[PDB]
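Below: one structure, written as structure tokens.
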Amino acid sequence: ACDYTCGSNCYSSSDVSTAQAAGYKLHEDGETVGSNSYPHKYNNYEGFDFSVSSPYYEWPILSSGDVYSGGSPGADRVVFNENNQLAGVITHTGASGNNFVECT
Ligand SMILES: Nc1nc2c(ncn2[C@@H]2O[C@H](CO)[C@@H](OP(=O)(O)O)[C@H]2O)c(=O)[nH]1
Ligand SMILES: [Ca+2]
């Protein structure tokens, strides 16, 4: 069973942990990857009810199981905060334009 389901993409807790650790490490060194510069601030315009405090940073999680390193980021993202605490897993799938919805 999926721990997080973003549309057709199925992710386990280890998939999320691996992605988060990669993005947080980059955040710490103050470095970015990709043309859209990941990771970067997630403003939470959607107003999701997160259990942890802001600021939030988004980092893409890939269905291939690879750690993001550039190019198309896909539709899924892991959102973590300053203390490397998982805020949630979100996706562009099933959401209008460039909005997000939470993965079930
Ligand atoms: N939809 C959305 N985008 C945000 C938010 N905060 C920052 N952004 C950035 O603006 C862009 C609008 O889609 C997003 O790019 P993304 O597709 O790479 O996630 C995202 O990086 C937010 O709260 N909601
Ligand atoms: Ca997996």
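Numbers in chain A come straight from Swiss-Prot, and the residues shown are 27-130, in order.
So this one's X-ray crystallography, 2.2 Å, going by the header.
Cβ coordinates come from backbone N, Cα and C, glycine included.
The feature active site is assigned by Swiss-Prot to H66. The active site, proton acceptor annotation in Swiss-Prot covers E84. Positions annotated as active site, proton donor by Swiss-Prot: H118. Per Swiss-Prot, disulfide bond is recorded for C28-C36, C32-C129, and the stated evidence type is experimental evidence.
Taking the Cβ of the residue listed as 'active site, proton acceptor' as centre and 10 Å as the limit, one finds 23 other Cβ atoms among all the protein chains shown.
Reduced to three states, the DSSP call for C28 (disulfide bond) is coil. In this view, the densest Cβ surroundings among the disulfide-bonded residues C28, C129 belong to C129, judged by other Cβ atoms lying within 10 Å. Of all the active-site residues listed here (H66, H118), the one with the fewest other CB atoms within 10 A of its own CB is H66. It is 18 Å from the Cα atom of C36 (disulfide bond) to that of the residue listed as 'active site, proton acceptor'.
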